[PDB]
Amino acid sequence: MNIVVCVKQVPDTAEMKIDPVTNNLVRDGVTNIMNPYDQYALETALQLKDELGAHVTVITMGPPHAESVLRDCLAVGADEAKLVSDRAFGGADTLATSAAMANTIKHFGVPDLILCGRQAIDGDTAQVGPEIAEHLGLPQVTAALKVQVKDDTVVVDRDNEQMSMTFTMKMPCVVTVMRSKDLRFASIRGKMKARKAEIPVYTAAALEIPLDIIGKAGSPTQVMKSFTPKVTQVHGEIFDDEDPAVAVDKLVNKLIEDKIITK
């Protein structure tokens, strides 16, 4: 079984904080990481590899420093890594990004299973995986809570707001991943093997991808402006009395006075 995992390097936006006092964005502890949902997409793939034998290829599209997330992928067991790196891909919206990735995948041969994260925590669109599926003409299931393989079929657990579901589809297919176990550890030996590996770097011309379907050129949308949102500070009234009955009487009296609890 051949698997491709689409992996994005992102700033760790979970470390960003807007200070409600100044309304400024604080970026203490923000570094580039492997997108968390992609970590789950990878771990899903590696679990399939361990169970069934599967060859796992990770692909990322980014600047040259994105190569580090590919090294991390190899360090935990992925077989092969490819870096798609060219200023011609820069400024891409989700359509242009998914075109680039679809055409990269098709170049090397569509695999049995493509795994993407549910979303990237920077853009937060959740659009690339489905758009890839459409570009390649493949069925999808998004936001997987569990993925299994039975023969030539993929079995995916997925919920919506009303229903808990399980779906099957035949390979080749695309799955986007909401949860797996946390990605496994990379040992020193793993990280050394990854460091020695050859990671090819592919330009648009090498992959024969037309310039006009990638990057800004291929993007129907454009970000015209960005800004930090207003956060209104909350001055909470917190009771910390040793006797819980006293804390509860104080809280409840205040909830009643402030019309939060009624009847």
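We number the residues from 1 along the sequence you see.
Between 109-117 and 143-151, which has the higher average C-alpha B-factor in the PDB entry?
The stretch with the larger mean CA B-factor is 143-151.
Quick one: say whether 7-15 or 238-246 has the higher mean Cα B-factor in the deposited entry.
Result: 238-246.
If you check the C-alpha B-factor for each of 135, 181, 191, 158 in the entry, which is highest?
In this record, 181 carries the highest C-alpha B-factor of the candidates.
When you compare the CA B-factors of 206, 61, 214, 26 as listed in the entry, which one comes out on top?
Highest C-alpha B-factor among the listed options: 26.
What third of its chain's C-alpha B-factors does residue 35 belong to: lowest, middle or highest?
Within its chain, residue 35 is a lowest-third residue by C-alpha B-factor, going by the deposited values.
Would you mind ranking residue 226 by its C-alpha B-factor against the rest of the chain and naming the third, lowest, middle or highest?
Ranked within chain, residue 226 CA B lands in the highest tercile.
Would you mind checking where the Cα B-factor of residue 171 ranks among the modelled residues of its chain, as the lowest, middle or highest third?
Within its chain, residue 171 is a highest-third residue by C-alpha B-factor, going by the deposited values.
Grab the CA temperature factor for residue 50 from the record and place it in the lowest, middle or highest third of its chain.
Its C-alpha B-factor, which the entry lists for residue 50, ranks in the highest third among residues of this chain.
Divide the modelled residues of the chain into thirds by Cα B-factor and specify which third, lowest, middle or highest, holds residue 198.
Highest third, going by the recorded CA B-factors of the chain.
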